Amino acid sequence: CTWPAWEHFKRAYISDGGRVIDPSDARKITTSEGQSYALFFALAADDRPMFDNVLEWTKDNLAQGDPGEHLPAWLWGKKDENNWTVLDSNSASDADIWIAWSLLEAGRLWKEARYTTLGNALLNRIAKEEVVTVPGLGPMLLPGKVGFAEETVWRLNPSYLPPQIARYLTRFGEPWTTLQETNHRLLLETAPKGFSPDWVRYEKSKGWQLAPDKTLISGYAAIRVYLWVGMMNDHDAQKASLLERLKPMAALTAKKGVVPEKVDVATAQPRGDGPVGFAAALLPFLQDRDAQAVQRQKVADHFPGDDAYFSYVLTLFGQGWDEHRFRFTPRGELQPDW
């Protein structure tokens, strides 16, 4: 029947009108990411009323009524004391992808063609507006429709296309067929010490820009890479290759029992202790039963409060998967626990 942590999330973080609010920002923001994760969780929980409430808010307030015609603006909130509105009209493609996947899986599982039609239109718009062929790489997913592509340099975010979602989307043909391959190579090629970067640049005639840099780190974006990989179905033939490349994050977490806040991608040097959400995010990733139980204790004893949006959503994914609240099939479909 119910998923208690999701029920609490609805009460503490989602407005009556269907917007996920990050309370830690003075502008009391909603992001397209937060909306997209709420759609996913509502679908996993078999919660069509909240799915629809969140979807309608997203459509009307981020997408000018129709995500098939307008990619959702990524940031919304208090712009001035008399104006709650879009704060940045640019898209975030990780959210766009999670919205598209959630609509397509809701349409399939709830047998609702309206969701399928909207998911298809949004997917097509993602391909049109934030997928480009990068010389040397092929088709790649940009992090947003503006701001990440210049004539000779591009910036990517390895957390933005979960491998299981890339595998699911290949059913729609190109560019998704090729994007699944370029995404897999992105993940393998940009983790030279086994740590995936938050953001990474590719430069024409030069390749991936992996030199040591205080900004080339596995942090609050890339923690999601390990989470997505951990939640891949074991029968996905590529899960093993990704676990093997990212194994240093598992070995480092097991060593002192603390997920690092930031790891230098070029040197593997860690700094800081990650929040509880990082512990939960590694639950599906850690294959060793003892290392995973150490992190489980931290999530149990330091479960995120109502002032911790990001750790809460990482916990709904990571603890949710740890509790069998949802699974992915080998093709990246939702295998629901309804």
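Note that residue numbering follows the sequence shown and begins at 1.
Per the entry, higher mean C-alpha B factor between 81-89 and 98-106:
Per the PDB entry, the higher value belongs to 81-89.
Per the entry, higher mean C-alpha B factor between 47-55 and 293-301
Taking the mean C-alpha B-factor of 293-301 and of 47-55, the larger value falls to 47-55.
Highest-ranked of 198, 150, 264, 244 once sorted by CA temperature factor in the record
Answer for 198, 150, 264, 244: 150, with the highest C-alpha B-factor.
Quick one: which of 166, 134, 186, 229 shows the highest Cα temperature factor in the PDB entry?
Within the set 166, 134, 186, 229, 134 shows the top C-alpha B-factor.
Please place residue 182 in the lowest, middle or highest third of its chain according to the CA B-factor in the PDB entry.
For residue 182, the deposited C-alpha B-factor lands in the middle third.
Third of the chain's Cα B-factor distribution that residue 6 belongs to, per the entry:
Its C-alpha B-factor belongs to the lowest third of this chain's values.
So where's residue 16 on the chain's Cα temperature factor ranking, which third?
Within its chain, residue 16 is a highest-third residue by C-alpha B-factor, going by the deposited values.
Taking the chain's C-alpha temperature factors as the reference, tell me which third residue 274 falls into: lowest, middle or highest.
Ranked within chain, residue 274 CA B lands in the middle tercile.
Considering only modelled residues of the same chain, in which third does the CA B-factor of residue 217 rank: lowest, middle or highest?
It belongs to the middle third of the chain when residues are ordered by C-alpha B-factor.
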